[PDB]
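Quick setup: one chain, the form deposited in one PDB entry, written in structure tokens, and binding and motion questions come after.
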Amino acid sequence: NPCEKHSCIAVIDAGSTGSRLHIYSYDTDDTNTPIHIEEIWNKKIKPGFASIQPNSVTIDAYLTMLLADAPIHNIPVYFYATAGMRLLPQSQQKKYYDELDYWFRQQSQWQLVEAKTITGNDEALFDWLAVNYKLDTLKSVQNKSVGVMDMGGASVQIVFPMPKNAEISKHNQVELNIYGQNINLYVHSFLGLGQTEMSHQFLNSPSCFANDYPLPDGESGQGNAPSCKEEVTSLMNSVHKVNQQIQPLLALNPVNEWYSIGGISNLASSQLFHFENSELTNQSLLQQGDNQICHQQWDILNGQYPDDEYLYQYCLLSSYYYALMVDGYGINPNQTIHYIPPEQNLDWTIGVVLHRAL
């Protein structure tokens, strides 16, 4: 019974591919900042909140599925949506939040505090705080710079320490003081470069799929990860200018340790890829995708690995993470990238627990 003995709050991550409810217990320090944060309940549902029809009945069914069986009810709730809602204009988002408001009113258990769409810059800030909280690097001044990448379905975030730079948009910088230390971060979010959204530009690229994979417009896969990666790079850099925006800031503000969350954790953890110590390199990721998926015969590979719904996309995703990290951000292909094990349930929502007290 942790909430009779500690502060508890519920935070919902309403992401593009699904929603995750977390209930956290915590204590606070002499400034009322959260410490000893523990997840006491987790429930994840699909699909994305923004993908459902915005009406009375659909929203009731969704929230009921997300929330009903939660072992404790009478606590404060934060519902924060990310890139799936950001694909919609505010006028269309309002329908969702109007219905969501009404639902929390028909019940007297949950105490809805806020429900809104957060910007990609806020999501990146919470990404950094959540990871660094878990690493225990917040309470003392660090010798080393820790960067975080979050690989989502409709957006990707990157976030790292950088002193205030009045040449760069205020939207891409954040200054916080936490646990008595002053931290300055660069934040950026690329909407359209998440997994789902970017995949929709390459479904008819034979280099991006296993041999003989049936592409939608009737051609056959003929995988080749270096080729697929160059196609993805054109979207990263010719369209979004990822390189031009990010590389000069990392040159001048190098990151010593990189951590990633989001889909890359699942792929790295899957039966198809082999990585030690919950870390990878981009070079090993591209070579493994090239040999274990791109250059395999699809029907054979599909039969060997029956229980993985993302299997058909692994040539593409391997290629895409390499294009993003190496050709986009400029990270060296042999640089270690730590990824958080998916079983740990780490998303940015611990960031909300902390930042609201700051």
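The numbering used is simple: start at 1 and walk along the sequence shown. We call the rigid core the largest set of C-alpha positions that still match within 1.5 Å between the two forms.
- Across the two stretches, 219-227 and 169-177, the PDB entry reports the greater mean Cα temperature factor for 169-177.
- In this entry, the higher average B-factor at the C-alpha atoms falls on 65-73, of the pair 65-73 and 312-320.
- Per the PDB entry, 141 shows the highest C-alpha temperature factor of the residues 193, 149, 285, 141.
- Looking at 35, 325, 52, 300, the one whose CA carries the top B-factor in the deposited record is 52.
- Annotation for residue 248: C-alpha temperature factor in the middle third relative to the rest of the modelled chain, per the entry.
- Split the chain's modelled residues into thirds by C-alpha temperature factor. Residue 277 is in the highest one.
- For residue 103, the recorded CA B-factor ranks within the highest third of the chain. Only modelled residues enter the ranking.
- In this PDB entry, the Cα temperature factor of residue 346 sits in the top third of its chain's modelled residues, the highest group.
- Placement of the Cα temperature factor of residue 80 within the chain: middle third of the modelled residues, per the deposited record.
Keep in mind that the form deposited in another entry is not shown, yet the notes after this line are about it.
- The residue among 291, 332, 304, 42 whose Cα moves by 2 angstroms or more between the shown form and the other one, once the core is superposed, is 42.
- Relative to the superposed core, residue 76 undergoes a Cα shift of 2 Å or more between the shown form and the other one.
- The rigid-core alignment places the CA of residue 277 less than 2 Å apart between the shown form and the other one.
- After superposing the rigid core, the Cα of residue 184 is displaced by less than 2 Å between the shown form and the other one.
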